[PDB]
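Working notes, structure below.
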Amino acid sequence: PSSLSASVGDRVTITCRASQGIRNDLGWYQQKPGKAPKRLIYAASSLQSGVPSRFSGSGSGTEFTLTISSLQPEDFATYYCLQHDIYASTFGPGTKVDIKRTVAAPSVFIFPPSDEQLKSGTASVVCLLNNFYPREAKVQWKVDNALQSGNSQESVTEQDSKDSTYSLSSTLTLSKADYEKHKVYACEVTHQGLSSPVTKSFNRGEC
Amino acid sequence: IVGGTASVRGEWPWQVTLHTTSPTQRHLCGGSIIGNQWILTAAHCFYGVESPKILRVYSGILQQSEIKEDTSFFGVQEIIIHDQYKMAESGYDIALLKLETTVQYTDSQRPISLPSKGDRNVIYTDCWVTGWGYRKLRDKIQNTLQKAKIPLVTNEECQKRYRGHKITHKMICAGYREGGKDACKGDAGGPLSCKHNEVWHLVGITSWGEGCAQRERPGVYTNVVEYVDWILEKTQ
Amino acid sequence: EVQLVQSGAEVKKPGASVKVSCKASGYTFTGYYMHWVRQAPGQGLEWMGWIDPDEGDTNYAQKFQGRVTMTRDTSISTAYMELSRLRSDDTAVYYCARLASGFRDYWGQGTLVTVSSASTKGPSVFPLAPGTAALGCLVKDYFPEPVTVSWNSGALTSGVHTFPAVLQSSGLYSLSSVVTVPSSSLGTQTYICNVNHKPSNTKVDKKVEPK
Ligand SMILES: [Co+2]
Ligand SMILES: [Co+2]
Ligand SMILES: [Co+2]
């Protein structure tokens, strides 16, 4: 799976490989989050009805290429080839064409476990990295300055429809007993937009 | 083969089926017997196959279902791909297989004669494409060897149809204006055989096309006469 | 207009089987093969096979050979995909699609199949208490996907971020929804997250109050 950051107006070329035996039987598909894929090109180079002319395809030998001449806002999506060979058809890995907006550092927030959750016997601490770009960012949790691994999960939104930023949530899961046995809870964030790492923390009991 | 008919036993005695054994044994491509240890085929058949050791060549086959566990086959000692074939290009699509043992000639298995250097394809009005390939763009390998008669088209006409691709003199095209008869997937590497003066000649090797049997989209074949020198050099 | 309508979401135990249906309209069913394609959460498209609704022949990816059966019933324009011996990485959205070259493609709406030993269970909703302040809700320990989150019965959409669910080691899902607001408004606007988990018929409205 591959990622490509491009600007509105860029030309993009994606390459797929398949047997020349497919007799040009290669499709290119576009997929946006939450939706079924839509075919853009079939037979390597034929533009499907209803598809804009900025999309084109080419085949030569084992080499097949989708070209988007000048990207428009509605073209940011994940692109897949589908080759149809003698015994099986296969999707290529997926090229996500991301919107290359200006670098934006996350605004970081930390949320202690609620008393309601603590009362249920579990403790989740949440660190929110809001409205950043590019996508890559690193969160490291620390509990009384012990660096943690294996007890957190994180997820990332799709690029925002308005400002094309990402946001990330990381949750540190601890036992109630562990949460009470320790005092300082920190999430340390690293990101392109941040000259040095930002740490948000709290002391159990507030602050 | 699109729009074809079943062949009969012994009808195309130079036709072979090249099988891969990995991960499971099955038909990969056609080929032509051209001498007692030599199969001529398409280079592009060996994309993800490099090792000769995965190949089995079967001759005298009409139905793929004839090939059983204990059926005789030819091992392949060497795959000889033309030096100018590139995986990023469609041209120079020709290869030799050197067999580990010798084909024994019978009425149902013998070589097809090559065109002689300088021969001219415009001469041929009785050309046939054969193979176990698909009957339509998305289909399955067929059990019985199929045949279809298709007319050669001039290089100049064929370039007009394939504006995007460089159709050289080392390629030959064949097909009806209206489509309907053509090689398809799984037919690659097999012959385009033309009968002239009561003799069958190996005119083309099935190579590529835009789909199968479409209107104004002739199939493309490696033009064998332009490779006679290569063939003679590699086989001596 | 062409439409492909699939059957609804399924939950199955590892080792069980599932059978998804796909009903076509608006074209000649027997004219075009039907393909099955799946997509695991966050992952790429994976081709499974095709069925020829005319003659009934099938072709399956290597990966599914011996464990998948595609069938059809021509007179109700319906294709079926049955997958057996399910495993946890069979959890995916399954699509039927008409992908014939030289014509528009059409896709079903997709069918979520979740493969797990977990029992259907509604979430616990916990507050994430707060120029700009962030607040939210942790929607924890539910099964299966999906869950929907709104804020203030839908009146608050600006600055809302509902994160993709994660699958915890327990086999239950968790997700967070957050929103950034003006710090000033914390005194005058009530913030309520509305969580609906349809598989368990669970609706929670949780008021999220300042510290
Ligand atoms: Co000889
Ligand atoms: Co249903
Ligand atoms: Co409802």
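Following the order of the structure tokens, first chain is A, next is B, and so on, with residues numbered from 1 inside each chain and ligands from 1 in the order they appear.
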
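Restricting the atom set to only C-alpha atoms and all ligand atoms, one finds that the residues within 9 Å of ligand 3 amount to residues 196, 197, 198 and 201 of chain C.
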
What residues of the protein or nucleic acid chains come within 12 Å of ligand 2 when you use only C-alpha atoms and all ligand atoms? Reply as a ChimeraX atom specification.
/C:5-10,18-23,110-113

Go ahead and write the selection's residues with N, CA, C and O atoms as a short mmCIF file (atom, residue, chain, number, x, y, z; two decimals), in the first residue's frame.
```cif
data_model
loop_
_atom_site.label_atom_id
_atom_site.label_comp_id
_atom_site.auth_asym_id
_atom_site.auth_seq_id
_atom_site.Cartn_x
_atom_site.Cartn_y
_atom_site.Cartn_z
N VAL C 5 -28.22 -4.94 -4.95
CA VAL C 5 -28.65 -4.86 -3.53
C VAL C 5 -28.24 -6.10 -2.83
O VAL C 5 -28.66 -7.18 -3.16
N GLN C 6 -27.40 -5.94 -1.84
CA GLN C 6 -26.86 -7.09 -1.07
C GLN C 6 -27.66 -7.26 0.19
O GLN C 6 -28.29 -6.34 0.60
N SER C 7 -27.52 -8.41 0.82
CA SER C 7 -28.05 -8.74 2.09
C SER C 7 -27.29 -7.99 3.19
O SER C 7 -26.19 -7.43 2.97
N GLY C 8 -27.85 -7.97 4.41
CA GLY C 8 -27.37 -7.18 5.47
C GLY C 8 -26.19 -7.78 6.19
O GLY C 8 -25.77 -8.97 5.97
N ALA C 9 -25.67 -7.01 7.12
CA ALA C 9 -24.54 -7.37 7.94
C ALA C 9 -24.68 -8.67 8.73
O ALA C 9 -25.75 -9.03 9.10
N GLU C 10 -23.60 -9.40 8.87
CA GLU C 10 -23.55 -10.70 9.49
C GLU C 10 -22.48 -10.72 10.54
O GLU C 10 -21.44 -10.08 10.41
N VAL C 18 -20.70 -18.26 6.10
CA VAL C 18 -21.59 -17.10 5.81
C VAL C 18 -21.96 -17.13 4.34
O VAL C 18 -21.15 -17.50 3.48
N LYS C 19 -23.20 -16.72 4.04
CA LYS C 19 -23.65 -16.67 2.67
C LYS C 19 -24.30 -15.35 2.33
O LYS C 19 -25.33 -15.01 2.86
N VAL C 20 -23.70 -14.60 1.44
CA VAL C 20 -24.13 -13.21 1.15
C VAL C 20 -24.78 -13.24 -0.18
O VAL C 20 -24.37 -13.98 -1.10
N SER C 21 -25.86 -12.45 -0.33
CA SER C 21 -26.60 -12.41 -1.53
C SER C 21 -26.50 -11.02 -2.17
O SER C 21 -26.22 -10.00 -1.52
N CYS C 22 -26.71 -11.00 -3.47
CA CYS C 22 -26.59 -9.86 -4.29
C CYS C 22 -27.62 -9.92 -5.33
O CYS C 22 -27.56 -10.76 -6.22
N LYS C 23 -28.62 -9.02 -5.26
CA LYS C 23 -29.72 -9.04 -6.24
C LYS C 23 -29.59 -7.89 -7.24
O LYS C 23 -29.60 -6.72 -6.84
N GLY C 110 -22.32 -3.22 -0.43
CA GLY C 110 -21.42 -3.85 0.49
C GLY C 110 -22.11 -4.51 1.68
O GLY C 110 -23.23 -4.10 2.10
N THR C 111 -21.52 -5.57 2.18
CA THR C 111 -22.00 -6.32 3.32
C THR C 111 -20.87 -6.55 4.30
O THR C 111 -19.86 -7.20 3.93
N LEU C 112 -21.01 -6.01 5.52
CA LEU C 112 -20.03 -6.25 6.57
C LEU C 112 -20.23 -7.65 7.13
O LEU C 112 -21.30 -7.99 7.60
N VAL C 113 -19.20 -8.44 7.12
CA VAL C 113 -19.15 -9.72 7.80
C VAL C 113 -18.11 -9.61 8.89
O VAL C 113 -16.96 -9.34 8.63
#
```

Name the residues in contact with residue C:100 at a cut-off of 10 Å, using only C-alpha atoms, excluding same-chain residues fewer than 2 positions from it; report them as a short mmCIF file (atom, residue, chain, number, x, y, z; two decimals) with N, CA, C and O atoms, in the first residue's frame.
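Contents of selection-v3.cif, as written:
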```cif
data_model
loop_
_atom_site.label_atom_id
_atom_site.label_comp_id
_atom_site.auth_asym_id
_atom_site.auth_seq_id
_atom_site.Cartn_x
_atom_site.Cartn_y
_atom_site.Cartn_z
N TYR A 42 -11.16 1.06 -18.38
CA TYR A 42 -11.04 -0.36 -18.70
C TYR A 42 -10.21 -0.61 -19.97
O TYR A 42 -9.88 0.33 -20.69
N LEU B 137 -13.24 -12.45 -23.78
CA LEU B 137 -12.29 -11.69 -22.91
C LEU B 137 -12.15 -12.27 -21.55
O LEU B 137 -11.02 -12.46 -21.11
N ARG B 138 -13.22 -12.61 -20.88
CA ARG B 138 -13.13 -13.26 -19.55
C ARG B 138 -13.88 -14.59 -19.57
O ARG B 138 -15.10 -14.63 -19.85
N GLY C 31 -26.34 -11.81 -18.98
CA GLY C 31 -25.39 -11.19 -19.88
C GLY C 31 -23.96 -10.86 -19.39
O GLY C 31 -23.04 -10.55 -20.19
N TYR C 32 -23.76 -10.85 -18.10
CA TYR C 32 -22.54 -10.24 -17.50
C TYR C 32 -22.20 -11.07 -16.36
O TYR C 32 -23.10 -11.55 -15.63
N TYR C 33 -20.91 -11.38 -16.19
CA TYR C 33 -20.51 -12.12 -15.01
C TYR C 33 -20.77 -11.25 -13.76
O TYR C 33 -20.91 -10.04 -13.87
N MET C 34 -20.70 -11.89 -12.62
CA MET C 34 -20.77 -11.17 -11.35
C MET C 34 -19.45 -11.51 -10.60
O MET C 34 -19.13 -12.66 -10.44
N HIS C 35 -18.76 -10.49 -10.15
CA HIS C 35 -17.56 -10.68 -9.35
C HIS C 35 -17.83 -10.31 -7.87
O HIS C 35 -18.81 -9.59 -7.59
N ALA C 97 -20.10 -7.15 -7.73
CA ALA C 97 -19.89 -6.09 -8.73
C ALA C 97 -20.01 -6.64 -10.14
O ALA C 97 -19.56 -7.78 -10.42
N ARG C 98 -20.52 -5.82 -11.01
CA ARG C 98 -20.54 -6.15 -12.44
C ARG C 98 -19.40 -5.33 -13.01
O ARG C 98 -19.42 -4.08 -12.98
N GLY C 102 -15.90 -2.62 -21.30
CA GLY C 102 -16.70 -2.00 -22.34
C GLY C 102 -18.08 -1.47 -21.99
O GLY C 102 -18.85 -1.15 -22.85
N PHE C 103 -18.37 -1.42 -20.69
CA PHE C 103 -19.64 -0.98 -20.13
C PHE C 103 -19.30 -0.34 -18.79
O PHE C 103 -18.23 -0.59 -18.25
N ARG C 104 -20.22 0.48 -18.26
CA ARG C 104 -20.05 0.93 -16.87
C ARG C 104 -20.01 -0.24 -15.91
O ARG C 104 -20.74 -1.25 -16.07
N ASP C 105 -19.25 -0.05 -14.83
CA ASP C 105 -19.23 -0.95 -13.68
C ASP C 105 -20.35 -0.60 -12.72
O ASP C 105 -20.77 0.57 -12.61
N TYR C 106 -20.80 -1.60 -11.97
CA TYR C 106 -21.78 -1.40 -10.89
C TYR C 106 -21.40 -2.20 -9.70
O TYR C 106 -20.90 -3.33 -9.84
#
```

Based on only C-alpha atoms, which of the residues in chain A come within 6 Å of chain C? I want them as a PyMOL selection string.
chain A and resi 42+88+90+111+155+157

Atom CA of residue A:160 and atom CA of residue C:208, how far apart in Å?
23.9 Å

Expected answer as a PyMOL selection string: chain A residues within 12 Å of chain B, only C-alpha atoms
chain A and resi 15-26+42-46+57-65+83-89

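When atom CA of residue B:173 is paired with atom CA of residue B:124, their separation reads 12.4 Å.
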
Where in stretch 22-143 of chain A does DSSP assign strand (DSSP E or B), given as a ChimeraX atom specification?
/A:26-31,38-42,46-47,55-60,63-68,78-84,89-91,95-99,104,107-111,122-133,138-143

Go through chain B and flag each residue having an atom no more than 12 Å from ligand 1; for those, report the closest pair of atoms plus their distance in Å to one decimal, using only C-alpha atoms and all ligand atoms, ordered by chain and rising number, as JSON lines.
```
{"residue": "B:33", "atom": "CA", "partner": "ligand 1", "partner_atom_place_in_ligand_line": "1 (Co)", "distance": 9.6}
{"residue": "B:34", "atom": "CA", "partner": "ligand 1", "partner_atom_place_in_ligand_line": "1 (Co)", "distance": 7.6}
{"residue": "B:35", "atom": "CA", "partner": "ligand 1", "partner_atom_place_in_ligand_line": "1 (Co)", "distance": 4.4}
{"residue": "B:36", "atom": "CA", "partner": "ligand 1", "partner_atom_place_in_ligand_line": "1 (Co)", "distance": 4.9}
{"residue": "B:37", "atom": "CA", "partner": "ligand 1", "partner_atom_place_in_ligand_line": "1 (Co)", "distance": 8.1}
{"residue": "B:38", "atom": "CA", "partner": "ligand 1", "partner_atom_place_in_ligand_line": "1 (Co)", "distance": 9.0}
{"residue": "B:39", "atom": "CA", "partner": "ligand 1", "partner_atom_place_in_ligand_line": "1 (Co)", "distance": 11.6}
{"residue": "B:102", "atom": "CA", "partner": "ligand 1", "partner_atom_place_in_ligand_line": "1 (Co)", "distance": 9.6}
{"residue": "B:103", "atom": "CA", "partner": "ligand 1", "partner_atom_place_in_ligand_line": "1 (Co)", "distance": 9.0}
{"residue": "B:104", "atom": "CA", "partner": "ligand 1", "partner_atom_place_in_ligand_line": "1 (Co)", "distance": 9.7}
{"residue": "B:105", "atom": "CA", "partner": "ligand 1", "partner_atom_place_in_ligand_line": "1 (Co)", "distance": 8.8}
{"residue": "B:109", "atom": "CA", "partner": "ligand 1", "partner_atom_place_in_ligand_line": "1 (Co)", "distance": 11.8}
{"residue": "B:110", "atom": "CA", "partner": "ligand 1", "partner_atom_place_in_ligand_line": "1 (Co)", "distance": 8.6}
{"residue": "B:111", "atom": "CA", "partner": "ligand 1", "partner_atom_place_in_ligand_line": "1 (Co)", "distance": 7.3}
{"residue": "B:112", "atom": "CA", "partner": "ligand 1", "partner_atom_place_in_ligand_line": "1 (Co)", "distance": 10.0}
{"residue": "B:113", "atom": "CA", "partner": "ligand 1", "partner_atom_place_in_ligand_line": "1 (Co)", "distance": 10.1}
{"residue": "B:114", "atom": "CA", "partner": "ligand 1", "partner_atom_place_in_ligand_line": "1 (Co)", "distance": 11.9}
{"residue": "B:235", "atom": "CA", "partner": "ligand 1", "partner_atom_place_in_ligand_line": "1 (Co)", "distance": 11.2}
```

Those residues with N, CA and C atoms, as a PDB file, in the first residue's frame please?
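The resulting file, part.pdb, is shown below:
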```pdb
ATOM      1  N   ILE B  33       6.411 -26.845 -32.402  1.00  0.00           N
ATOM      2  CA  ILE B  33       7.596 -27.645 -32.672  1.00  0.00           C
ATOM      3  C   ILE B  33       8.263 -27.133 -33.979  1.00  0.00           C
ATOM      4  N   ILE B  34       9.522 -26.795 -33.929  1.00  0.00           N
ATOM      5  CA  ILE B  34      10.250 -26.340 -35.134  1.00  0.00           C
ATOM      6  C   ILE B  34      11.518 -27.203 -35.422  1.00  0.00           C
ATOM      7  N   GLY B  35      11.887 -28.107 -34.532  1.00  0.00           N
ATOM      8  CA  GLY B  35      12.909 -29.110 -34.711  1.00  0.00           C
ATOM      9  C   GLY B  35      12.868 -30.063 -33.553  1.00  0.00           C
ATOM     10  N   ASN B  36      13.692 -31.102 -33.560  1.00  0.00           N
ATOM     11  CA  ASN B  36      13.472 -32.190 -32.629  1.00  0.00           C
ATOM     12  C   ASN B  36      13.828 -31.902 -31.131  1.00  0.00           C
ATOM     13  N   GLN B  37      14.491 -30.778 -30.844  1.00  0.00           N
ATOM     14  CA  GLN B  37      14.604 -30.345 -29.473  1.00  0.00           C
ATOM     15  C   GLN B  37      14.199 -28.890 -29.276  1.00  0.00           C
ATOM     16  N   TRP B  38      13.458 -28.339 -30.193  1.00  0.00           N
ATOM     17  CA  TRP B  38      13.221 -26.910 -30.235  1.00  0.00           C
ATOM     18  C   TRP B  38      11.766 -26.547 -30.363  1.00  0.00           C
ATOM     19  N   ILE B  39      11.281 -25.746 -29.394  1.00  0.00           N
ATOM     20  CA  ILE B  39       9.915 -25.185 -29.413  1.00  0.00           C
ATOM     21  C   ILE B  39      10.088 -23.697 -29.572  1.00  0.00           C
ATOM     22  N   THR B 102      14.418 -35.589 -27.052  1.00  0.00           N
ATOM     23  CA  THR B 102      14.135 -35.341 -28.429  1.00  0.00           C
ATOM     24  C   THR B 102      12.730 -35.685 -28.765  1.00  0.00           C
ATOM     25  N   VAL B 103      12.076 -34.827 -29.465  1.00  0.00           N
ATOM     26  CA  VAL B 103      10.731 -35.122 -29.899  1.00  0.00           C
ATOM     27  C   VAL B 103      10.869 -36.258 -30.932  1.00  0.00           C
ATOM     28  N   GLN B 104      10.069 -37.275 -30.820  1.00  0.00           N
ATOM     29  CA  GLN B 104      10.006 -38.377 -31.780  1.00  0.00           C
ATOM     30  C   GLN B 104       8.862 -38.044 -32.777  1.00  0.00           C
ATOM     31  N   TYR B 105       9.162 -38.016 -34.089  1.00  0.00           N
ATOM     32  CA  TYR B 105       8.186 -37.586 -35.078  1.00  0.00           C
ATOM     33  C   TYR B 105       7.197 -38.681 -35.416  1.00  0.00           C
ATOM     34  N   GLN B 109       2.809 -35.575 -34.235  1.00  0.00           N
ATOM     35  CA  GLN B 109       3.797 -34.646 -33.707  1.00  0.00           C
ATOM     36  C   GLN B 109       4.994 -34.554 -34.651  1.00  0.00           C
ATOM     37  N   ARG B 110       5.127 -33.415 -35.268  1.00  0.00           N
ATOM     38  CA  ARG B 110       6.239 -33.151 -36.135  1.00  0.00           C
ATOM     39  C   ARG B 110       6.387 -31.633 -36.262  1.00  0.00           C
ATOM     40  N   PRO B 111       7.540 -31.173 -36.771  1.00  0.00           N
ATOM     41  CA  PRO B 111       7.776 -29.736 -36.931  1.00  0.00           C
ATOM     42  C   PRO B 111       7.002 -29.121 -38.025  1.00  0.00           C
ATOM     43  N   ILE B 112       6.807 -27.813 -37.887  1.00  0.00           N
ATOM     44  CA  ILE B 112       6.220 -26.978 -38.923  1.00  0.00           C
ATOM     45  C   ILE B 112       7.425 -26.285 -39.568  1.00  0.00           C
ATOM     46  N   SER B 113       7.339 -26.120 -40.910  1.00  0.00           N
ATOM     47  CA  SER B 113       8.373 -25.444 -41.629  1.00  0.00           C
ATOM     48  C   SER B 113       8.350 -23.951 -41.392  1.00  0.00           C
ATOM     49  N   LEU B 114       9.512 -23.372 -41.246  1.00  0.00           N
ATOM     50  CA  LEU B 114       9.667 -21.918 -41.104  1.00  0.00           C
ATOM     51  C   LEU B 114       9.549 -21.248 -42.445  1.00  0.00           C
ATOM     52  N   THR B 235      19.886 -21.880 -32.440  1.00  0.00           N
ATOM     53  CA  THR B 235      19.779 -23.346 -32.495  1.00  0.00           C
ATOM     54  C   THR B 235      21.045 -24.080 -32.991  1.00  0.00           C
TER      55      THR B 235
END
```

Shell of 12 Å around residue C:155, only C-alpha atoms, local chain residues under 2 positions omitted, as JSON, numbers by chain
{"C": [150, 151, 152, 153, 157, 158, 159, 160, 189, 190, 191, 192, 193, 194]}

May I have the selected residues written with N, CA, C and O atoms, as a short mmCIF file (atom, residue, chain, number, x, y, z; two decimals), in the first residue's frame?
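Below is the file that was written, selection38.cif:
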```cif
data_model
loop_
_atom_site.label_atom_id
_atom_site.label_comp_id
_atom_site.auth_asym_id
_atom_site.auth_seq_id
_atom_site.Cartn_x
_atom_site.Cartn_y
_atom_site.Cartn_z
N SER C 150 -23.28 11.29 17.12
CA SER C 150 -23.54 12.68 16.79
C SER C 150 -23.40 13.50 18.03
O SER C 150 -23.19 12.98 19.13
N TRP C 151 -23.39 14.82 17.84
CA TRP C 151 -23.30 15.71 18.90
C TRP C 151 -24.54 16.64 18.92
O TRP C 151 -24.88 17.21 17.87
N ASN C 152 -25.14 16.81 20.10
CA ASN C 152 -26.28 17.71 20.25
C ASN C 152 -27.37 17.38 19.23
O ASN C 152 -27.77 18.23 18.50
N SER C 153 -27.72 16.09 19.13
CA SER C 153 -28.72 15.58 18.23
C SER C 153 -28.50 16.02 16.82
O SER C 153 -29.43 16.13 16.06
N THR C 157 -21.84 19.94 14.26
CA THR C 157 -21.00 19.19 13.34
C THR C 157 -19.65 19.82 13.12
O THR C 157 -18.65 19.12 12.82
N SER C 158 -19.56 21.15 13.22
CA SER C 158 -18.28 21.80 13.03
C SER C 158 -17.25 21.38 14.11
O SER C 158 -17.54 21.36 15.28
N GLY C 159 -16.05 21.04 13.69
CA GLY C 159 -14.96 20.66 14.59
C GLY C 159 -15.07 19.26 15.20
O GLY C 159 -14.32 18.91 16.11
N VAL C 160 -15.98 18.46 14.67
CA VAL C 160 -16.19 17.13 15.20
C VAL C 160 -15.26 16.17 14.49
O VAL C 160 -15.06 16.25 13.27
N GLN C 189 -23.23 26.49 26.71
CA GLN C 189 -23.74 25.45 25.79
C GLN C 189 -23.58 24.07 26.47
O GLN C 189 -22.50 23.73 26.94
N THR C 190 -24.68 23.31 26.55
CA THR C 190 -24.60 21.92 26.87
C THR C 190 -24.05 21.11 25.66
O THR C 190 -24.46 21.30 24.47
N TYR C 191 -23.11 20.20 25.97
CA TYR C 191 -22.53 19.28 24.92
C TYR C 191 -22.89 17.84 25.25
O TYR C 191 -22.54 17.31 26.33
N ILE C 192 -23.69 17.26 24.37
CA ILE C 192 -24.18 15.91 24.52
C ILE C 192 -23.76 15.09 23.31
O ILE C 192 -24.06 15.44 22.17
N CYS C 193 -23.08 13.98 23.56
CA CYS C 193 -22.85 13.05 22.45
C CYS C 193 -23.95 11.97 22.40
O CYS C 193 -24.37 11.47 23.42
N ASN C 194 -24.43 11.69 21.21
CA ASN C 194 -25.55 10.76 20.99
C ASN C 194 -24.94 9.55 20.27
O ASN C 194 -24.46 9.66 19.19
#
```

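Here the question is which of C:172, C:51, C:83, C:204 gets nearest to chain B using only C-alpha atoms, and that residue is C:51.
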